[PDB]
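Whatever order the structure lists them in is the order used to number ligands and atoms, beginning at 1. FYI, side chains are in, hydrogens and waters are out, and symmetry mates aren't considered; it's all heavy atoms of this structure. For reference, positions follow the sequence shown, starting with 1.
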Amino acid sequence: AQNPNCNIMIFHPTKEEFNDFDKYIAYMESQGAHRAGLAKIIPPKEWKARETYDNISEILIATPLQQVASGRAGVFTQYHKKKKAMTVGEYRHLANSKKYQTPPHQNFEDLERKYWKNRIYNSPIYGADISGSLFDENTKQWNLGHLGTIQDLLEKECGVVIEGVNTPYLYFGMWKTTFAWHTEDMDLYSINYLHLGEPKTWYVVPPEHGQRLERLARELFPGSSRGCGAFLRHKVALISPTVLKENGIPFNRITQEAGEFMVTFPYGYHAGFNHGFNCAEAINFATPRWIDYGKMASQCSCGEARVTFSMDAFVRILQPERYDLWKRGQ
Ligand SMILES: O=C(O)c1ccnc(CNCc2ccco2)c1
Ligand code: NI
Ligand SMILES: [Zn+2]
């Protein structure tokens with residue numbers, strides 16, 4: 001079996017290998033990449049997402065979210081307070097202000113230490129889940145707005161035509177902005193491209209050990225667990241690497257830099273934080289290997305989790321027994 005220790009693998013495709021997205025994902029899996037839950041892909045040197053980032057300041061962040069923490073430094077929840085709209089130019093200026101800017105630090109490890117020591121004491125503002133794309137329409141390889149749709153994948157694999165669309169989202173970050181521990185909707189894959197700015201640090205649990213993370217989360221967030229059997233779907237829980245190590249949870253970490261892709265694999269729990277002002281683009285995708293994960297994915301039926309119209313069909317076709325209860329929640 002390839003990659004038995006479930007290490008995060010890093011790939012350097014050539015421009016020829018970068019031509020067929022599905023083929024390359026299958027190749028990575030042939031080398032065991034999926035066992036980690038996360039892989040890094042460094043694009044060929046000939047490739048670019050677009051010409052420049054000089055003309056992005058007039059994008060609107062209609063609902064910036066202030067991420068307010070509760071708990072202890074290594075075990076906390078965050079809630080999202082809605083703020084007034086602002087442009088990307090205004091947001092960048094805010095990110096770079098004395099109140100919000102990245103502190104002096106020696107290296108990535110020092111900044112990680114500062115994050116976990118100090119995150120709960122601040123409330124950074126995140127520009128999340130903004131429908132759109134920054135890929136040039138003439139970028140022909142790994143263009144996140146031009147991937148095969150999940151609906152077409154389900155149809156090719158299962159023979160059922162369904163409604164729904166699948167489009168990319170933009171994420172504008174600043175120092176300490178945080179993505180909580182989660183898997184993707186329906187335990188899909190994701191692909192994430194860091195277009196511009198400062199790095200993003202990721203934590204990931206191997207899919208084969210996801211239930212270990214779930215068990216710890218139930219113990220660490222007992223009221224949330226009583227409220228919902230799939231409360232990690234709420235995307236509010238943070239657990240530090242120190243706490244994970246104390247509890248024997250297998251995980252890995254890696255830092256993504258501008259110009260790099262990350263792929264998350266089905267049922268790979270992940271979390272992380274931004275180093276400073278940045279912009280990422282992400283989308284969910286599927287392969288034939290996803291279908292059996294989609295059938296088994298937990299669902300939030302308590303009303304809290306934010307679900308798109310497109311998830312209806314996935315639940316309806318893959319999880320007909322659950323559909324009734326899940327719809328009552330949505
Ligand atoms: O803030 C982030 O950089 C971030 C990191 C990881 N996971 C996510 C959310 N899931 C991916 C996805 C698929 C479509 C849109 O997002 C966000
Ligand atoms: Ni994600
Ligand atoms: Zn719930």
For this session: Give a yes or no on whether the backbone of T139 and the side-chain of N143 come within a donor-acceptor separation of less than 3.5 Å.
Result: yes
Problem set entry | N/O separation below 3.5 Å, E184 to ligand 1 | yes
Exercise. For ligand 1, is there an N or O atom under 3.5 Å from any N or O atom of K200?
Worked result: yes
Is the closest basic N to carboxylate O distance between [X] and [Y] below 4.0 Å?
{"X": "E163", "Y": "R316", "value": "yes"}
{"X": "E304", "Y": "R233", "value": "no"}
{"X": "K15", "Y": "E46", "value": "no"}

For this session: Looking only at protein heavy atoms, identify the closest one to atom 15 (C) of ligand 1 and say how far it is in Å.
Result: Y171 OH, 2.9 Å
Seminar exercise, completed: When distances are taken from atom 9 (C) of ligand 1, the protein heavy atom at minimum range is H182 NE2, 3.5 Å
Exercise. Taking heavy atoms and a distance under 4.0 Å, where does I283 meet ligand 1: side chain, backbone, both or neither?
Worked result: backbone
Problem set entry | Option with minimal heavy-atom separation from atom 1 (O) of ligand 1, where the choices are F179, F273, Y126 | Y126
Need the ligand 1 atom indices (1-based, order shown) with element for anything under 4.0 Å from a heavy-atom of [X].
{"X": "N284", "value": "13 (C), 14 (C)"}
{"X": "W202", "value": "5 (C), 6 (C)"}
{"X": "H270", "value": "6 (C), 7 (N)"}

Exercise. Which is the closest N/O/S atom of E184 when seen from the Ni ion (ligand 2)?
Worked result: OE2
Exercise. Are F251 and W181 near enough that their ring centres are under 6.0 Å apart?
Worked result: no
For this session: State yes or no: are the ring centers of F21 and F285 separated by less than 6.0 Å?
Result: yes
For this session: Evaluate the ring planes of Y171 and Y126, with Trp represented by its six-membered ring, and classify them as parallel (under 30°), tilted (30 to 60°) or perpendicular (over 60°).
Result: tilted
Seminar exercise, completed: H234 NE2 to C302 SG via the Zn ion (ligand 3), rounded to 10°, gives 100°
For this session: State which residue, out of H275, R253, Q256, fulfils the side-chain hydrogen bond (donor to acceptor under 3.5 Å, both in side chains) condition with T201.
Result: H275
